[PDB]
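In the block that follows, a single chain appears as structure tokens, in the form deposited in one PDB entry.
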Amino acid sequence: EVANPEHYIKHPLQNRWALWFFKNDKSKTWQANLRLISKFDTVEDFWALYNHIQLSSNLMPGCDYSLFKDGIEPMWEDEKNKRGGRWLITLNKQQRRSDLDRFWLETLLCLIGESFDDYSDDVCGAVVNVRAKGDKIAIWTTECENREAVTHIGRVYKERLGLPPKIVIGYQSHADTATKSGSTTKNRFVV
């Protein structure tokens, strides 16, 4: 007979995740300010990491944290983000004190807990952006043309964040990021 697993084995997650950190410098290629921190594939290892890092709210504005599935870099150019998009959560100044941190953690839980049923396979990662003009949080998916999976994720996510239901959020494809001048950024889906 062997020993009992629940007693000593760690709680494995669906996928192994990687945490990346961005530091602005506005004097270096965007890619060069992007650095990997570490990875993990268990609930315990997740908390070990989370517990020893600054709360997004305490970071110097201009930085971002990013949690994506191992193998998927947190950038548009990636094979898995190229055709994708993101559900964006735009916060106001005040919300940096009341919601940023909790919102970001809930995002993290949705990611590692695979809280979107089979549609959690279309998820690439999430990223938090600390900015003085207003913070932002977003969940990236691989195919912005996959409305069924995209609308499902948006709903659950918005519901998991618990923000007032009357507040609508939009989903935008990375490929349409304005490139002209403002050119007006828009949404493929809304919930």
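Residue positions are given as counts along the sequence shown, with the first one as 1. If you superpose the two forms and keep the largest set of C-alpha atoms that fall within 1.5 Å, you have the rigid core. Residues that one form lacks are left out of the comparison.
| request: Indicate yes or no: is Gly182 absent from the model in at least a third of the other PDB entries of this protein that were compared? | output: Result for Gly182: often missing, at least a third of the compared entries.
| On average, which has the higher Cα B-factor in the deposited entry, 166 to 174 or 19 to 27? | In the deposited entry, the stretch with the higher C-alpha B-factor mean is 19 to 27.
| message | Which is higher on mean Cα B factor in this entry, 64 to 72 or 145 to 153? | response | Between 64 to 72 and 145 to 153, it is 145 to 153 that shows the higher mean C-alpha B-factor.
| Ranked by Cα temperature factor within the chain, is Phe103 in the lowest third, the middle third or the highest third? | Its C-alpha B-factor, which the entry lists for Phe103, ranks in the lowest third among residues of this chain.
| query | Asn92: which third of its chain by C-alpha temperature factor? | reply | CA B-factor rank for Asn92: middle third.
| said: Ranking every modelled residue in this chain by its Cα temperature factor as given in the entry, which third contains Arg160? | reply: Ranked within chain, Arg160 CA B lands in the middle tercile.
| message | Split into thirds by Cα B-factor across the chain's modelled residues, where does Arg131 land: lowest, middle or highest? | response | Its C-alpha B-factor, which the entry lists for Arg131, ranks in the lowest third among residues of this chain.
| task | Comparing against every modelled residue in the chain, figure out the third that the C-alpha B-factor of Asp121 lands in (lowest, middle or highest). | result | As the PDB entry reports it, the C-alpha B-factor of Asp121 lands in the middle third of its chain.
Here the subject shifts to the form solved in complex with a small molecule, a form of this protein not shown in this document.
| field | 4.5 Å heavy atom contact, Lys23 to the small molecule in the deposited bound form | value | Yes.
| field | the small molecule contact at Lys166 in the deposited bound form, heavy atom, 4.5 Å | value | The answer is no: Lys166 has no heavy atom within 4.5 Å of the small molecule.
| Is there a non-hydrogen atom of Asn33 within 4.5 angstroms of a non-hydrogen atom of the small molecule in the deposited bound form? | Taking the distances in the deposited bound form, the answer for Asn33 is yes, it comes within 4.5 Å of the small molecule.
| request: Flag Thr142 as yes or no: does it have a non-hydrogen atom within 4.5 angstroms of any non-hydrogen atom of the small molecule in the deposited bound form? | output: Although the small molecule is absent here, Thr142 would stay clear of it in the deposited bound form, with no heavy atoms inside 4.5 Å.
| Core-superposed comparison between the shown form and the other one, runs of at least 3 residues with CA shifts of 2 Å or more | Shifted segments: 54 to 56, 178 to 181.
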